[PDB]
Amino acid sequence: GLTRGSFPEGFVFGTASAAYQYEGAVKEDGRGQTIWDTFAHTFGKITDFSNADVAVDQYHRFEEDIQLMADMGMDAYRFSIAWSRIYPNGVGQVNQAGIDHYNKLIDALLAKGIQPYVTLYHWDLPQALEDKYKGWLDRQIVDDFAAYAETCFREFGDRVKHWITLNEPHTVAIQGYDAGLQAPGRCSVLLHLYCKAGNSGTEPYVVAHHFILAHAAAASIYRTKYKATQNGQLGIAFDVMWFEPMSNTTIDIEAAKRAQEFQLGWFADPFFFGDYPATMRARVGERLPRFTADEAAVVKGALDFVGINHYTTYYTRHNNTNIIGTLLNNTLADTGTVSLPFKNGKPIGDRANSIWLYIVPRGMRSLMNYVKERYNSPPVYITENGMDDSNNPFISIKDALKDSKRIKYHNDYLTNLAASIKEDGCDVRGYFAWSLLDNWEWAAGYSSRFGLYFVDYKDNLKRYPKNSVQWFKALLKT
């Protein structure tokens, strides 16, 4: 069985959270409105009609939750800073209460021996910036994000040594601006009637470009002003499905590779090579922004580590858009691929609660090797891995705690991860389970339970340990 000894000395184990999904206290201590407050309070946007006004109240309950982490022997905790608690209006007046709050959280974690891994941007853009210039659509976001980042380096970098600037820019660009399923909800209305405005063919690429420049601008500030004295490191958490060819044909083998370049490469190729993947330049053409030479020089090498958010593996086949019909540009169409968890009607694996989450442990090992090979062995952290139970009102809490499926999931994915390190020479430095606590799963609301701890929403957010808590405790025992 797995032990700490199955991993390199110093390997970091943690759990992960995000501010909007956990904190609650949305109108407390000067917090400004975000695009997700707006989204959650708009008809049609959240499948279970819920919101995160309270969520799991980690804003007030963080000391309890820190104890729940320590109970397993966790080394670290990934949490995000809500930009709107620091600058309620995105720019302008600093909110001292926001600083005081995250200082309390950081100090409390460190006092328990738990290292903070801090995400600066986990999707909760101040609504003021959405109103001011449509947020990520405007180049101004780059300097505004970088200034916010700098304030965080200044206030917290004496203690915080591990920073994730952005969580899943791919998810944001696609879900926020192509599908319009996540905030701010924008898409080609001809493609999805529920959207109020947007353009699925152009906006995702603009947003992605701005994310890339925003990271680079924050990284330049960090390296020039803070890194020498603070001695920390900066990365990004990329959402990454593994892709296998739907058939053993070179066309589908190439399609799987291309799907990867459009998902991870879209961001990582700029950070490692200074430009977008050639396949994107070829297929997206003039809708794909170009870096200037000075921009490429700040973007290339801007990561200290690669955060990988990984859950699942799909099959990919080559796809041609219908030659007949009016073309409505969108990101999937641009890839020249279709990726699905089915081959000949047979699923690639068992599925968790989430309709997208298929259980394919080997994908973890394949992906680690891919990253090592393509990017010349950068340090990698698994910044998210886990699975969800349903929220089932027809079973007892006691039965809800019996998460043997999650135990098997973590076991199998970690076994693959350990092999990628020991056998394959992949430089993986740590692993964070999604998630500490059941929480608000964005548009899925409270219908999805990802936690190691069960949260009783019908009994003042009481935390109960699922069986996986004991499993992690045993694993991490020293």
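Just count from 1 along the sequence shown to find any residue number.
- A summary of the deposited B-factors shows that, of 79-87 and 393-401, the stretch with the larger mean C-alpha value is 393-401.
- The stretch 341-349 shows the higher mean C-alpha B-factor when 341-349 is compared against 148-156 in the entry.
- Out of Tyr226, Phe211, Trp266, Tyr205, the entry records its largest CA B-factor for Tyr226.
- When the C-alpha B-factors of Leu191, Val118, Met387, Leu367 are read from the PDB record, the largest value belongs to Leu191.
- Among all modelled residues in its chain, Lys45 ranks in the middle third by Cα B-factor.
- Per the deposited record, the Cα B-factor of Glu9 falls in the highest third when ranked against the other modelled residues of its chain.
- Looking at the C-alpha B-factors along this chain, the one for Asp29 belongs to the highest third.
- Remark: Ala433 belongs to the lowest third of its chain, ranked by C-alpha B-factor as recorded.
- In this PDB entry, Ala70 carries a Cα temperature factor that places it within the highest third of its chain's modelled residues.
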